[PDB]
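Asker: how would this look folded up:
(chains A and B, ligands or ions: 1)
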Amino acid sequence: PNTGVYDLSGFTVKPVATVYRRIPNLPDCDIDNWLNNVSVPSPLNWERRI
Amino acid sequence: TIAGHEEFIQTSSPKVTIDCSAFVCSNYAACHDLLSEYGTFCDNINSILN
Ligand SMILES: *[C@@H]1O[C@H](CO)[C@@H](O[C@@H]2O[C@H](CO)[C@@H](O)[C@H](O)[C@H]2NC(C)=O)[C@H](O)[C@H]1NC(C)=O
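Answerer: Residues are numbered from 1 along each chain as shown, chains lettered A, B, ... in the order given. Here you go:
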């Protein structure tokens, strides 16, 4: 090649450290705050939550 | 008497360089693979600006 000044492109990539804020809809149901309840009912009078 | 007045003549302009592949297909490799078949399109732009 000839005597000159050549513009040579360099690169950088970044795949890591995403953030993903979301502003979600409703508050979580918290099933596990009910399944870890203390007063467990017996098979005659089982409970149910919807 | 003697009168003075001034005038301005422009002799130059700002020198602008453009990295054509960074402008079109910034960091994304699929875009670079697609742009590689227009071929001699960014080189004509670079040579005109030089
Ligand atoms: C486990 O389930 C019971 C429901 O049987 C929850 O009991 C409630 O406790 C509050 C305490 O302030 C009472 O005012 C309510 O009347 C109770 N509900 C009923 C239907 O009796 C209890 O809170 C649950 N445990 C947790 C951690 O949520």
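Asker: spell out which parts of chain A neighbour chain B.
Answerer: With CB under 8 Å from any CB of the partner chain as the criterion, chain A meets chain B at residues A:7, A:9, A:11-13. C-beta: built from backbone N, CA, C; applies to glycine.
Asker: do a quick rundown of the helices in chain A.
Answerer: Per DSSP state H, chain A carries helices over the ranges A:32-35.
Asker: residue nearest the centroid of it?
Answerer: Computing the C-alpha centroid of chain A and ranking residues by CA atoms, centre = their mean puts residue A:20 first, at 7.8 Å.
Asker: residues contacting residue A:34?
Answerer: Counting by CB atoms under 8 Å, 6 or more residues apart in numbering or on different chains, residue A:34 makes contact with residue A:49.
Asker: what residues does chain B have near chain A?
Answerer: Chain B has residues B:17, B:19, B:21-22, B:27, B:46 near chain A, with proximity defined as CB under 8 Å from any CB.
Asker: mind putting these into JSON lines with secondary structure and neighbour count?
Answerer: Formatted as JSON lines, the residues of chain B next to chain A follow (DSSP: H, G, I helix; E, B strand; the rest coil; neighbours: other CB atoms under 10 Å in any protein chain shown):
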{"residue": "B:17", "secondary structure": "coil", "neighbour count": "8"}
{"residue": "B:19", "secondary structure": "coil", "neighbour count": "12"}
{"residue": "B:21", "secondary structure": "helix", "neighbour count": "14"}
{"residue": "B:22", "secondary structure": "helix", "neighbour count": "12"}
{"residue": "B:27", "secondary structure": "coil", "neighbour count": "11"}
{"residue": "B:46", "secondary structure": "helix", "neighbour count": "13"}
